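> So I've got this file, protein.cif, and it contains mmCIF, C-alpha atoms; chains and numbers go by the auth columns:
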data_target
#
loop_
_atom_site.group_PDB
_atom_site.id
_atom_site.type_symbol
_atom_site.label_atom_id
_atom_site.label_comp_id
_atom_site.label_asym_id
_atom_site.label_seq_id
_atom_site.Cartn_x
_atom_site.Cartn_y
_atom_site.Cartn_z
_atom_site.B_iso_or_equiv
_atom_site.auth_seq_id
_atom_site.auth_asym_id
ATOM 1 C CA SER A 1 -22.297 91.532 -149.808 0.00 5 M
ATOM 2 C CA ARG A 2 -19.689 94.316 -149.832 0.00 6 M
ATOM 3 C CA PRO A 3 -19.448 97.325 -152.171 0.00 7 M
ATOM 4 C CA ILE A 4 -17.359 96.786 -155.296 0.00 8 M
ATOM 5 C CA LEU A 5 -14.996 99.468 -156.597 0.00 9 M
ATOM 6 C CA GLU A 6 -14.818 99.782 -160.378 0.00 10 M
ATOM 7 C CA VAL A 7 -11.486 101.239 -161.515 0.00 11 M
ATOM 8 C CA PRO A 8 -9.801 100.815 -164.936 0.00 12 M
ATOM 9 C CA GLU A 9 -6.299 99.344 -164.934 0.00 13 M
ATOM 10 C CA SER A 10 -5.140 102.315 -166.991 0.00 14 M
ATOM 11 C CA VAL A 11 -6.336 105.653 -168.354 0.00 15 M
ATOM 12 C CA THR A 12 -4.797 107.800 -171.105 0.00 16 M
ATOM 13 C CA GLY A 13 -5.101 111.567 -170.751 0.00 17 M
ATOM 14 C CA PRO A 14 -4.245 114.430 -173.102 0.00 18 M
ATOM 15 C CA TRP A 15 -1.163 116.499 -172.352 0.00 19 M
ATOM 16 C CA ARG A 16 -2.198 120.029 -171.213 0.00 20 M
ATOM 17 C CA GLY A 17 -5.791 118.787 -171.041 0.00 21 M
ATOM 18 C CA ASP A 18 -7.954 117.189 -168.382 0.00 22 M
ATOM 19 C CA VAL A 19 -8.613 113.547 -167.535 0.00 23 M
ATOM 20 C CA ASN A 20 -11.025 111.662 -165.297 0.00 24 M
ATOM 21 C CA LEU A 21 -9.628 108.720 -163.358 0.00 25 M
ATOM 22 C CA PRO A 22 -12.798 106.639 -162.957 0.00 26 M
ATOM 23 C CA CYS A 23 -13.590 105.215 -159.539 0.00 27 M
ATOM 24 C CA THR A 24 -17.181 104.145 -158.977 0.00 28 M
ATOM 25 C CA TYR A 25 -19.305 101.705 -157.028 0.00 29 M
ATOM 26 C CA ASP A 26 -22.972 100.787 -156.943 0.00 30 M
ATOM 27 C CA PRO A 27 -24.290 102.008 -153.560 0.00 31 M
ATOM 28 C CA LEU A 28 -25.524 99.242 -151.257 0.00 32 M
ATOM 29 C CA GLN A 29 -28.128 99.466 -148.512 0.00 33 M
ATOM 30 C CA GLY A 30 -26.607 99.780 -145.057 0.00 34 M
ATOM 31 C CA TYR A 31 -23.168 100.865 -146.297 0.00 35 M
ATOM 32 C CA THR A 32 -22.409 104.505 -145.480 0.00 36 M
ATOM 33 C CA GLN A 33 -19.475 106.168 -147.232 0.00 37 M
ATOM 34 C CA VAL A 34 -17.288 107.759 -144.533 0.00 38 M
ATOM 35 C CA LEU A 35 -13.975 108.405 -146.327 0.00 39 M
ATOM 36 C CA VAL A 36 -12.592 108.781 -149.838 0.00 40 M
ATOM 37 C CA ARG A 37 -8.819 109.042 -150.320 0.00 41 M
ATOM 38 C CA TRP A 38 -6.909 109.448 -153.558 0.00 42 M
ATOM 39 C CA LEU A 39 -3.176 108.712 -153.487 0.00 43 M
ATOM 40 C CA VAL A 40 -0.381 108.939 -156.049 0.00 44 M
ATOM 41 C CA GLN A 41 2.719 106.747 -156.108 0.00 45 M
ATOM 42 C CA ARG A 42 6.112 108.363 -155.723 0.00 46 M
ATOM 43 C CA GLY A 43 8.604 106.140 -153.935 0.00 47 M
ATOM 44 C CA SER A 44 8.229 103.681 -151.073 0.00 48 M
ATOM 45 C CA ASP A 45 4.842 105.271 -150.391 0.00 49 M
ATOM 46 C CA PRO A 46 1.648 106.315 -152.025 0.00 50 M
ATOM 47 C CA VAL A 47 1.112 109.885 -150.849 0.00 51 M
ATOM 48 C CA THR A 48 -2.320 111.295 -150.139 0.00 52 M
ATOM 49 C CA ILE A 49 -3.390 114.067 -152.503 0.00 53 M
ATOM 50 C CA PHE A 50 -7.137 114.219 -151.743 0.00 54 M
ATOM 51 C CA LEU A 51 -9.464 113.306 -148.858 0.00 55 M
ATOM 52 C CA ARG A 52 -13.232 113.654 -148.535 0.00 56 M
ATOM 53 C CA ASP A 53 -14.861 113.065 -145.149 0.00 57 M
ATOM 54 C CA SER A 54 -17.701 114.510 -143.065 0.00 58 M
ATOM 55 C CA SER A 55 -15.919 117.892 -142.997 0.00 59 M
ATOM 56 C CA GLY A 56 -15.756 118.141 -146.805 0.00 60 M
ATOM 57 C CA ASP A 57 -12.942 118.016 -149.344 0.00 61 M
ATOM 58 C CA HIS A 58 -9.283 118.354 -148.358 0.00 62 M
ATOM 59 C CA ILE A 59 -6.452 119.063 -150.791 0.00 63 M
ATOM 60 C CA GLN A 60 -3.455 119.738 -148.543 0.00 64 M
ATOM 61 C CA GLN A 61 -0.887 120.432 -151.248 0.00 65 M
ATOM 62 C CA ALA A 62 -0.746 123.868 -152.862 0.00 66 M
ATOM 63 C CA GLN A 63 0.408 122.260 -156.123 0.00 67 M
ATOM 64 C CA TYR A 64 -2.913 120.395 -156.454 0.00 68 M
ATOM 65 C CA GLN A 65 -5.292 123.072 -155.100 0.00 69 M
ATOM 66 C CA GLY A 66 -7.144 124.290 -158.183 0.00 70 M
ATOM 67 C CA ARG A 67 -6.326 121.398 -160.534 0.00 71 M
ATOM 68 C CA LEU A 68 -7.777 118.399 -158.663 0.00 72 M
ATOM 69 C CA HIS A 69 -11.524 117.756 -158.308 0.00 73 M
ATOM 70 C CA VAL A 70 -13.466 114.656 -157.285 0.00 74 M
ATOM 71 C CA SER A 71 -16.939 113.778 -158.548 0.00 75 M
ATOM 72 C CA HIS A 72 -19.700 114.495 -156.066 0.00 76 M
ATOM 73 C CA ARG A 73 -23.186 114.661 -157.615 0.00 77 M
ATOM 74 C CA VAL A 74 -23.954 110.974 -158.250 0.00 78 M
ATOM 75 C CA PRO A 75 -23.778 108.620 -155.239 0.00 79 M
ATOM 76 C CA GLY A 76 -21.020 106.083 -155.741 0.00 80 M
ATOM 77 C CA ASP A 77 -19.038 108.185 -158.260 0.00 81 M
ATOM 78 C CA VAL A 78 -15.768 109.364 -156.706 0.00 82 M
ATOM 79 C CA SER A 79 -13.773 109.725 -159.919 0.00 83 M
ATOM 80 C CA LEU A 80 -10.774 112.062 -159.782 0.00 84 M
ATOM 81 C CA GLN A 81 -10.481 114.869 -162.330 0.00 85 M
ATOM 82 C CA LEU A 82 -6.962 116.178 -162.943 0.00 86 M
ATOM 83 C CA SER A 83 -6.587 119.432 -164.891 0.00 87 M
ATOM 84 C CA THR A 84 -3.785 120.695 -167.176 0.00 88 M
ATOM 85 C CA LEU A 85 -1.944 117.398 -167.380 0.00 89 M
ATOM 86 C CA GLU A 86 1.865 117.355 -167.202 0.00 90 M
ATOM 87 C CA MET A 87 4.251 114.616 -168.267 0.00 91 M
ATOM 88 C CA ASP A 88 5.075 114.419 -164.527 0.00 92 M
ATOM 89 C CA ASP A 89 1.485 113.363 -163.793 0.00 93 M
ATOM 90 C CA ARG A 90 2.140 109.904 -165.239 0.00 94 M
ATOM 91 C CA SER A 91 1.962 107.610 -162.226 0.00 95 M
ATOM 92 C CA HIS A 92 -0.093 104.986 -160.448 0.00 96 M
ATOM 93 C CA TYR A 93 -3.050 106.447 -158.580 0.00 97 M
ATOM 94 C CA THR A 94 -5.021 104.717 -155.814 0.00 98 M
ATOM 95 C CA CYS A 95 -8.719 105.211 -155.120 0.00 99 M
ATOM 96 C CA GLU A 96 -9.581 104.162 -151.564 0.00 100 M
ATOM 97 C CA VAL A 97 -13.074 104.216 -150.047 0.00 101 M
ATOM 98 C CA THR A 98 -14.176 103.433 -146.481 0.00 102 M
ATOM 99 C CA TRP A 99 -17.735 102.494 -145.516 0.00 103 M
ATOM 100 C CA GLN A 100 -19.529 101.848 -142.292 0.00 104 M
ATOM 101 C CA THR A 101 -21.178 98.427 -142.674 0.00 105 M
ATOM 102 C CA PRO A 102 -24.652 97.169 -141.676 0.00 106 M
ATOM 103 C CA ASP A 103 -22.959 95.510 -138.673 0.00 107 M
ATOM 104 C CA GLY A 104 -21.593 98.873 -137.510 0.00 108 M
ATOM 105 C CA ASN A 105 -17.885 98.326 -138.206 0.00 109 M
ATOM 106 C CA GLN A 106 -15.893 99.716 -141.155 0.00 110 M
ATOM 107 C CA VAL A 107 -14.574 98.177 -144.351 0.00 111 M
ATOM 108 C CA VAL A 108 -11.979 99.667 -146.735 0.00 112 M
ATOM 109 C CA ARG A 109 -11.467 98.875 -150.424 0.00 113 M
ATOM 110 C CA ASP A 110 -8.885 100.281 -152.813 0.00 114 M
ATOM 111 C CA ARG A 111 -7.883 99.979 -156.470 0.00 115 M
ATOM 112 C CA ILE A 112 -4.831 101.170 -158.401 0.00 116 M
ATOM 113 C CA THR A 113 -4.952 102.723 -161.864 0.00 117 M
ATOM 114 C CA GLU A 114 -2.151 103.955 -164.119 0.00 118 M
ATOM 115 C CA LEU A 115 -2.406 107.369 -165.771 0.00 119 M
ATOM 116 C CA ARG A 116 -0.509 107.797 -169.019 0.00 120 M
ATOM 117 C CA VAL A 117 -0.192 111.244 -170.575 0.00 121 M
ATOM 118 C CA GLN A 118 -0.192 111.491 -174.370 0.00 122 M
ATOM 119 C CA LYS A 119 0.891 114.478 -176.478 0.00 123 M
#
For this file, write the structure as structure tokens.

Amino acid sequence: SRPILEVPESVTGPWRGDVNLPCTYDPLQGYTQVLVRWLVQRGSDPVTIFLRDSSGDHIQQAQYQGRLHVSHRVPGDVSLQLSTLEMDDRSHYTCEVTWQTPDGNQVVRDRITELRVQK
């Protein structure tokens, strides 16, 4: 039926190193990826830190420009790579993908993961 996001409940990354937050799905006929959003939890809101759409990749925040990259080569792999991990990077991250469906409407799916940072 619908695409299925595959996201681990938690990921451990090395302090000062790099980590991949996996977010993948098996592509399905008739479902066209139209948006990928990654968010991080701060307070009452998850805040957007990355968007990919038909105009390309968008990292609005200067603090993430140059340390945040999202997988692109393999269809269905939209894992987030975070570089030079800080203790402050420990948080819940949300991977959210939007598809156009065979019927012509849209569907959105999201999954939360926790990043822990280990010395």
> Residues within 7 Å of (-0.1, 112.2, -173.0), file coordinates, counting only C-alpha atoms: what are they? Give the list as a list in words.
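Protein, DNA and RNA residues close to (-0.1, 112.2, -173.0): residues 16, 17, 18, 19, 91, 120, 121, 122 and 123 of chain M.
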> Which residues match the PyMOL selection byres ((chain M and resi 46-61) around 9) in the file above, as a PDB file with C-alpha atoms, in the coordinates of the input?

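Result went into part-v2.pdb, see below:
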ATOM      1  CA  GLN M  37     -19.475 106.168-147.232  1.00  0.00           C
ATOM      2  CA  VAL M  38     -17.288 107.759-144.533  1.00  0.00           C
ATOM      3  CA  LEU M  39     -13.975 108.405-146.327  1.00  0.00           C
ATOM      4  CA  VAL M  40     -12.592 108.781-149.838  1.00  0.00           C
ATOM      5  CA  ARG M  41      -8.819 109.042-150.320  1.00  0.00           C
ATOM      6  CA  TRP M  42      -6.909 109.448-153.558  1.00  0.00           C
ATOM      7  CA  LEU M  43      -3.176 108.712-153.487  1.00  0.00           C
ATOM      8  CA  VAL M  44      -0.381 108.939-156.049  1.00  0.00           C
ATOM      9  CA  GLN M  45       2.719 106.747-156.108  1.00  0.00           C
ATOM     10  CA  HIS M  62      -9.283 118.354-148.358  1.00  0.00           C
ATOM     11  CA  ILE M  63      -6.452 119.063-150.791  1.00  0.00           C
ATOM     12  CA  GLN M  64      -3.455 119.738-148.543  1.00  0.00           C
ATOM     13  CA  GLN M  65      -0.887 120.432-151.248  1.00  0.00           C
ATOM     14  CA  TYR M  68      -2.913 120.395-156.454  1.00  0.00           C
ATOM     15  CA  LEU M  72      -7.777 118.399-158.663  1.00  0.00           C
ATOM     16  CA  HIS M  73     -11.524 117.756-158.308  1.00  0.00           C
ATOM     17  CA  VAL M  74     -13.466 114.656-157.285  1.00  0.00           C
ATOM     18  CA  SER M  95       1.962 107.610-162.226  1.00  0.00           C
ATOM     19  CA  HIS M  96      -0.093 104.986-160.448  1.00  0.00           C
ATOM     20  CA  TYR M  97      -3.050 106.447-158.580  1.00  0.00           C
ATOM     21  CA  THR M  98      -5.021 104.717-155.814  1.00  0.00           C
TER      22      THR M  98
END
> Taking the file as shown, find all residues satisfying the PyMOL selection byres ((chain M and resi 104) around 7) and write them as a JSON list (two decimals) with C-alpha atoms, in the coordinates of the input.

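The resulting file, result.json, is shown below:
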[["chain", "number", "residue", "atom", "x", "y", "z"],
["M", 35, "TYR", "CA", -23.17, 100.86, -146.30],
["M", 36, "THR", "CA", -22.41, 104.50, -145.48],
["M", 37, "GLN", "CA", -19.48, 106.17, -147.23],
["M", 38, "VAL", "CA", -17.29, 107.76, -144.53],
["M", 102, "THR", "CA", -14.18, 103.43, -146.48],
["M", 103, "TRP", "CA", -17.74, 102.49, -145.52],
["M", 105, "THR", "CA", -21.18, 98.43, -142.67],
["M", 106, "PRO", "CA", -24.65, 97.17, -141.68],
["M", 108, "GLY", "CA", -21.59, 98.87, -137.51],
["M", 109, "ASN", "CA", -17.89, 98.33, -138.21],
["M", 110, "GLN", "CA", -15.89, 99.72, -141.16],
["M", 111, "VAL", "CA", -14.57, 98.18, -144.35]]
> Which of these residues is nearest to residue 114 of chain M, using only C-alpha atoms: M:78, M:32, M:27, M:15?
M:27
> Measure the distance from atom CA of residue 94 of chain M to atom CA of residue 66 of chain M in Å and round it to one decimal.
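So the answer is 18.9 Å.
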> Extract segment 13-122 of chain M from the structure I just pasted (atoms: C-alpha atoms) and return it as a short mmCIF file (atom, residue, chain, number, x, y, z; two decimals), in the first residue's frame.

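Once written, selection-v3.cif looks like this:
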data_model
loop_
_atom_site.label_atom_id
_atom_site.label_comp_id
_atom_site.auth_asym_id
_atom_site.auth_seq_id
_atom_site.Cartn_x
_atom_site.Cartn_y
_atom_site.Cartn_z
CA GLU M 13 14.53 4.28 17.78
CA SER M 14 18.00 5.47 18.76
CA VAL M 15 21.48 6.03 17.33
CA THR M 16 24.78 6.51 19.19
CA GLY M 17 27.34 8.82 17.62
CA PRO M 18 30.96 9.60 18.50
CA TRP M 19 31.72 12.94 20.12
CA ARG M 20 33.65 15.18 17.65
CA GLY M 21 32.92 12.61 14.94
CA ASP M 22 30.15 12.07 12.43
CA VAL M 23 26.95 10.04 12.62
CA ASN M 24 24.26 8.94 10.18
CA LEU M 25 20.68 9.07 11.39
CA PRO M 26 19.14 6.36 9.19
CA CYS M 27 15.87 7.11 7.44
CA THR M 28 15.01 4.88 4.50
CA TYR M 29 12.09 3.43 2.60
CA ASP M 30 11.66 0.96 -0.24
CA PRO M 31 10.41 3.00 -3.23
CA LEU M 32 6.93 2.04 -4.44
CA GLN M 33 5.48 2.41 -7.92
CA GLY M 34 3.27 5.47 -8.28
CA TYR M 35 4.61 7.22 -5.17
CA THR M 36 6.68 10.30 -6.02
CA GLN M 37 8.83 11.83 -3.29
CA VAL M 38 8.01 15.56 -3.15
CA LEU M 39 9.40 16.66 0.24
CA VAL M 40 11.92 15.54 2.85
CA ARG M 41 12.11 17.43 6.16
CA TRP M 42 14.42 16.78 9.08
CA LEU M 43 13.51 18.38 12.41
CA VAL M 44 15.15 18.49 15.83
CA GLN M 45 13.31 18.80 19.14
CA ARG M 46 13.96 21.82 21.32
CA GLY M 47 10.91 22.88 23.30
CA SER M 48 7.21 22.90 22.47
CA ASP M 49 8.21 22.44 18.83
CA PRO M 50 10.35 20.39 16.55
CA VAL M 51 12.24 22.95 14.48
CA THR M 52 13.10 22.38 10.84
CA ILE M 53 16.82 22.07 10.14
CA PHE M 54 16.74 20.60 6.61
CA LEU M 55 14.33 20.52 3.65
CA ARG M 56 14.69 18.90 0.23
CA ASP M 57 12.13 19.69 -2.47
CA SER M 58 12.04 20.27 -6.23
CA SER M 59 14.34 23.30 -5.81
CA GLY M 60 17.06 21.27 -4.05
CA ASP M 61 18.43 21.20 -0.51
CA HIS M 62 17.70 23.94 2.02
CA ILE M 63 19.62 24.44 5.27
CA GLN M 64 18.35 27.79 6.57
CA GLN M 65 20.46 27.98 9.72
CA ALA M 66 24.06 29.16 9.50
CA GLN M 67 24.96 26.87 12.42
CA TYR M 68 24.09 23.78 10.35
CA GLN M 69 25.36 24.92 6.93
CA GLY M 70 28.48 22.83 6.37
CA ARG M 71 27.85 20.13 9.00
CA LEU M 72 24.51 18.66 7.87
CA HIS M 73 24.12 16.48 4.76
CA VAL M 74 21.31 14.19 3.63
CA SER M 75 21.81 11.05 1.54
CA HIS M 76 20.91 11.47 -2.10
CA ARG M 77 22.36 8.79 -4.39
CA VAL M 78 20.14 5.78 -3.62
CA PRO M 79 16.37 6.25 -4.09
CA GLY M 80 14.60 5.91 -0.77
CA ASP M 81 17.67 6.74 1.38
CA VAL M 82 17.22 10.12 3.07
CA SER M 83 19.47 9.50 6.06
CA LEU M 84 20.84 12.59 7.80
CA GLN M 85 24.60 12.92 8.32
CA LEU M 86 25.67 15.23 11.15
CA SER M 87 29.34 16.23 11.33
CA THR M 88 31.57 17.13 14.31
CA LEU M 89 29.12 16.01 16.97
CA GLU M 90 28.64 18.13 20.10
CA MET M 91 27.13 17.13 23.43
CA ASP M 92 24.41 19.67 22.51
CA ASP M 93 23.45 17.55 19.49
CA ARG M 94 21.81 14.97 21.75
CA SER M 95 18.11 15.28 20.97
CA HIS M 96 15.16 13.66 19.26
CA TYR M 97 15.24 14.06 15.49
CA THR M 98 12.28 13.61 13.13
CA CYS M 99 12.49 12.34 9.56
CA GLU M 100 9.41 13.36 7.57
CA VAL M 101 8.73 12.42 3.95
CA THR M 102 5.86 13.47 1.67
CA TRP M 103 4.82 11.58 -1.46
CA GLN M 104 2.34 12.14 -4.21
CA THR M 105 0.21 8.98 -4.37
CA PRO M 106 -1.09 6.95 -7.34
CA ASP M 107 -4.47 8.64 -6.75
CA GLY M 108 -2.88 12.09 -7.16
CA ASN M 109 -3.14 13.33 -3.56
CA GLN M 110 -0.30 13.48 -1.00
CA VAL M 111 0.59 11.37 2.01
CA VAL M 112 3.06 12.24 4.79
CA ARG M 113 4.91 9.85 7.11
CA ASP M 114 7.32 10.66 9.91
CA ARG M 115 9.47 8.84 12.48
CA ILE M 116 11.38 10.05 15.54
CA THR M 117 14.85 8.86 16.50
CA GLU M 118 17.03 9.76 19.48
CA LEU M 119 20.68 10.69 18.95
CA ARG M 120 23.01 10.04 21.86
CA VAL M 121 26.57 11.36 21.76
CA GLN M 122 29.29 9.25 23.38
#
